[PDB]
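Working notes for the structure below.
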Amino acid sequence: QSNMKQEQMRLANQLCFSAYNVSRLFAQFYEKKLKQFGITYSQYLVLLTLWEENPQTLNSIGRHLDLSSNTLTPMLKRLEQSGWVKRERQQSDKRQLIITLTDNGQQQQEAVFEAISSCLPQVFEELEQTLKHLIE
Amino acid sequence: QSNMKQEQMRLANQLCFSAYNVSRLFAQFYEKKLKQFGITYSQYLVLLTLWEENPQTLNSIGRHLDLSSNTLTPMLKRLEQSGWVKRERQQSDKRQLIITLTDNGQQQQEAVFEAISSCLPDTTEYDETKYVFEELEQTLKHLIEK
Ligand SMILES: [Cl-]
Ligand SMILES: [Cu+2]
Ligand SMILES: [Cu+2]
């Protein structure tokens, strides 16, 4: 048991430190490649889900990105100020706030995808559940 | 292969999205554990090289981590104040700063080692996850340095 236990801890450290390094490299990569569009990574995530489902209520975006309304509201206005999306609230029923891509916001999807796709040269959900438990 | 390339483009934005999101959870786990030992990421880097080669001069640590001596100076002082290392400034000849793990600093290696080891809960799925993060380490570095 002792020899196998020591080796499992070594493999745990090895894998988790690799991912630890990747967290730093990803942050630099996205900052460098998204600069040309004037958007942050979280803004890019908003555009990411809008390009899959458009339009979307802010509550729908928060459910996709696991982000609160207090987090989305500032940057949703930043994407509207930069011309990516439009904001208009319903006057009945759920009273929700609808986010809709502009014409320019929709066209630029391929250019954004191309700038990011190089992250790879030409399972995760189980770790996300376990890691979240360890942190909280 | 127009349509074929736009599909690989989409998967790429999706596999990297999920790999980043899980790497941030590993990072938050590290930050939580390192805080329990009272150390930072940068201090952890110094301890990691000392646990490989001990003692080391200040300059040798700088070569291992590619950090300047000015950057390392407050870190080593903090590691000495918190009981991890000893600092010995030679008073003649090369006048190096020799960094040596304390008895506690040596004993803490296995405690940190074990604490981090809980970051994971299959051998096959390990090799695939390891393989993806190994190639991201290599690819992202090459792209960042352009
Ligand atoms: Cl054994
Ligand atoms: Cu044994
Ligand atoms: Cu084609």
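Going through the structure tokens in order, the chains are called A, B, and so on, while each chain numbers its residues from 1 and the ligands are numbered from 1 in the order shown.
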| message | Please find the residues contacting ligand 2 at a distance of at most 12 Å between atoms, with only C-alpha atoms and all ligand atoms counted, and report them as a list in words. | response | residues 1, 2, 3, 4, 5, 6 and 7 of chain A
Could you write out the selected residues, including C-alpha atoms, as a compact mmCIF listing (two decimals), in the first residue's frame?
# COMPACT_ATOMS: atom_id res chain seq x y z
CA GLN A 1 0.00 0.00 0.00
CA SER A 2 2.76 2.45 0.98
CA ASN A 3 4.57 2.25 -2.37
CA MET A 4 1.34 2.53 -4.36
CA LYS A 5 0.13 5.35 -2.10
CA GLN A 6 3.36 7.31 -2.62
CA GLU A 7 3.12 6.87 -6.39
| request: May I ask you to write as a list in words all residues lying at most 10 Å from ligand 3, with only C-alpha atoms and all ligand atoms counted? | output: residues 1, 2, 3, 4, 5 and 6 of chain B
| task | Find the residues near region 133-141 of chain B: any atom within 12 Å, counting only C-alpha atoms, skip ones fewer than 5 places away on the same chain, and give them as a ChimeraX atom specification. | result | /A:14-30,32-33,116-122,124 /B:12,15-16,18-20,22-23,26,126-128,146
Resulting file, chosen residues, N, CA and C atoms, as a short mmCIF file (atom, residue, chain, number, x, y, z; two decimals), in the first residue's frame:
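Generated output (again37.cif):
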data_model
loop_
_atom_site.label_atom_id
_atom_site.label_comp_id
_atom_site.auth_asym_id
_atom_site.auth_seq_id
_atom_site.Cartn_x
_atom_site.Cartn_y
_atom_site.Cartn_z
N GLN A 14 1.83 15.70 -10.13
CA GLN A 14 2.33 15.93 -11.48
C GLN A 14 1.23 16.46 -12.39
N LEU A 15 0.07 15.87 -12.34
CA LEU A 15 -1.03 16.29 -13.16
C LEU A 15 -1.56 17.65 -12.74
N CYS A 16 -1.76 17.82 -11.46
CA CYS A 16 -2.37 19.05 -10.97
C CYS A 16 -1.45 20.25 -11.13
N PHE A 17 -0.13 20.04 -11.04
CA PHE A 17 0.80 21.14 -11.27
C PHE A 17 0.85 21.52 -12.74
N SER A 18 0.73 20.53 -13.63
CA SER A 18 0.64 20.82 -15.06
C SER A 18 -0.57 21.70 -15.35
N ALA A 19 -1.73 21.33 -14.81
CA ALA A 19 -2.93 22.15 -14.99
C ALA A 19 -2.78 23.51 -14.33
N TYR A 20 -2.11 23.56 -13.18
CA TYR A 20 -1.80 24.82 -12.52
C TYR A 20 -1.03 25.75 -13.46
N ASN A 21 0.01 25.22 -14.11
CA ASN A 21 0.75 26.01 -15.10
C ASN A 21 -0.16 26.46 -16.23
N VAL A 22 -1.02 25.56 -16.72
CA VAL A 22 -1.89 25.87 -17.84
C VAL A 22 -2.83 27.02 -17.50
N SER A 23 -3.28 27.11 -16.24
CA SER A 23 -4.16 28.21 -15.85
C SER A 23 -3.48 29.56 -16.07
N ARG A 24 -2.17 29.64 -15.80
CA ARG A 24 -1.44 30.88 -16.04
C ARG A 24 -1.24 31.12 -17.54
N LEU A 25 -0.95 30.06 -18.29
CA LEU A 25 -0.67 30.22 -19.72
C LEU A 25 -1.93 30.59 -20.49
N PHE A 26 -3.07 30.05 -20.07
CA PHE A 26 -4.34 30.36 -20.70
C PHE A 26 -4.69 31.84 -20.54
N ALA A 27 -4.52 32.35 -19.32
CA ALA A 27 -4.81 33.75 -19.03
C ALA A 27 -3.99 34.68 -19.92
N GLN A 28 -2.70 34.38 -20.10
CA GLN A 28 -1.87 35.19 -20.98
C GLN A 28 -2.28 35.02 -22.43
N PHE A 29 -2.61 33.78 -22.83
CA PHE A 29 -3.00 33.52 -24.22
C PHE A 29 -4.26 34.30 -24.59
N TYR A 30 -5.30 34.21 -23.75
CA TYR A 30 -6.55 34.89 -24.07
C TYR A 30 -6.39 36.40 -24.01
N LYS A 32 -3.70 38.03 -24.82
CA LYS A 32 -2.97 38.45 -26.01
C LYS A 32 -3.83 38.35 -27.26
N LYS A 33 -4.57 37.25 -27.42
CA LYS A 33 -5.35 37.04 -28.64
C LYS A 33 -6.65 37.83 -28.68
N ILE A 116 -8.59 32.34 -31.58
CA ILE A 116 -8.50 31.52 -30.37
C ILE A 116 -8.16 30.07 -30.69
N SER A 117 -8.54 29.58 -31.88
CA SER A 117 -8.47 28.15 -32.17
C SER A 117 -7.06 27.60 -32.13
N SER A 118 -6.04 28.45 -32.26
CA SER A 118 -4.66 27.97 -32.25
C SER A 118 -4.24 27.39 -30.91
N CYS A 119 -5.07 27.51 -29.87
CA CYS A 119 -4.72 27.00 -28.54
C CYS A 119 -4.40 25.50 -28.56
N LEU A 120 -4.78 24.79 -29.61
CA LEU A 120 -4.46 23.38 -29.76
C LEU A 120 -3.76 23.14 -31.09
N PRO A 121 -2.78 22.24 -31.12
CA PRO A 121 -2.12 21.92 -32.39
C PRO A 121 -3.07 21.19 -33.34
N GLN A 122 -2.89 21.44 -34.63
CA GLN A 122 -3.72 20.81 -35.65
C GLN A 122 -3.24 19.40 -35.96
N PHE A 124 -13.78 16.16 -18.10
CA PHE A 124 -13.60 17.46 -17.46
C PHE A 124 -14.71 17.75 -16.45
N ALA B 12 -12.25 23.56 -31.11
CA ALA B 12 -11.05 24.12 -30.49
C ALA B 12 -11.42 25.17 -29.45
N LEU B 15 -12.96 22.89 -26.52
CA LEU B 15 -12.05 22.08 -25.71
C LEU B 15 -11.12 22.96 -24.89
N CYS B 16 -10.64 24.06 -25.47
CA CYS B 16 -9.80 24.98 -24.72
C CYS B 16 -10.59 25.72 -23.65
N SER B 18 -13.14 24.49 -21.87
CA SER B 18 -13.32 23.59 -20.74
C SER B 18 -12.01 23.24 -20.06
N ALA B 19 -10.92 23.13 -20.82
CA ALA B 19 -9.61 22.89 -20.21
C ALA B 19 -9.18 24.07 -19.36
N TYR B 20 -9.44 25.29 -19.83
CA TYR B 20 -9.14 26.48 -19.04
C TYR B 20 -9.98 26.50 -17.77
N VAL B 22 -11.35 24.12 -16.05
CA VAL B 22 -10.93 23.15 -15.05
C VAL B 22 -9.55 23.50 -14.50
N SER B 23 -8.67 24.08 -15.32
CA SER B 23 -7.37 24.51 -14.82
C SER B 23 -7.51 25.60 -13.77
N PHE B 26 -8.23 23.79 -10.53
CA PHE B 26 -6.97 23.32 -9.96
C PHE B 26 -6.18 24.46 -9.34
N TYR B 126 -6.61 9.25 -16.51
CA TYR B 126 -5.47 10.03 -16.06
C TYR B 126 -4.55 10.37 -17.22
N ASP B 127 -4.13 9.35 -17.98
CA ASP B 127 -3.17 9.57 -19.06
C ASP B 127 -3.72 10.53 -20.11
N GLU B 128 -5.03 10.50 -20.36
CA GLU B 128 -5.60 11.40 -21.35
C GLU B 128 -5.65 12.84 -20.82
N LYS B 146 5.40 34.25 -29.29
CA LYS B 146 5.43 34.89 -30.61
C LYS B 146 5.34 36.40 -30.47
#
| request: Identify all residues of region 65-138 of chain B in alpha helix (DSSP H) (DSSP on the backbone) and supply them as a ChimeraX atom specification. | output: /B:65,69-81,103-117,123-138
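Taking region 95-135 of chain B and asking which residues DSSP calls strand (DSSP E or B) on the backbone, you get residues 97, 98, 99, 100 and 101 of chain B.
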Could you save those same residues with N, CA and C atoms as a compact mmCIF listing (two decimals), in the first residue's frame?
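That gives us part-v3.txt:
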# COMPACT_ATOMS: atom_id res chain seq x y z
N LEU B 97 24.85 34.40 -1.01
CA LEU B 97 23.79 34.18 -0.04
C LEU B 97 23.38 32.71 -0.14
N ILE B 98 23.73 31.93 0.88
CA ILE B 98 23.46 30.50 0.88
C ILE B 98 22.11 30.26 1.56
N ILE B 99 21.20 29.60 0.85
CA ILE B 99 19.86 29.31 1.34
C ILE B 99 19.80 27.84 1.72
N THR B 100 19.42 27.55 2.96
CA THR B 100 19.36 26.18 3.46
C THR B 100 18.02 25.95 4.13
N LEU B 101 17.38 24.83 3.78
CA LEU B 101 16.13 24.46 4.43
C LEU B 101 16.35 24.25 5.93
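Nearest-residue note for chain B: choosing from A:66, A:106, A:92, A:58, the minimum distance belongs to A:66, counting only C-alpha atoms.
One finds CA of residue 109 (chain A) at 22.3 Å from CA of residue 59 (chain A).
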| request: Could you please determine the separation between CA of residue 94 (chain A) and CA of residue 49 (chain A) in Å, to one decimal place? | output: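 Atom-to-atom, CA of residue 94 (chain A) and CA of residue 49 (chain A) are spaced 20.9 Å apart.
For the pair CA of residue 113 (chain B) and CA of residue 88 (chain B), the interatomic distance is 26.8 Å.
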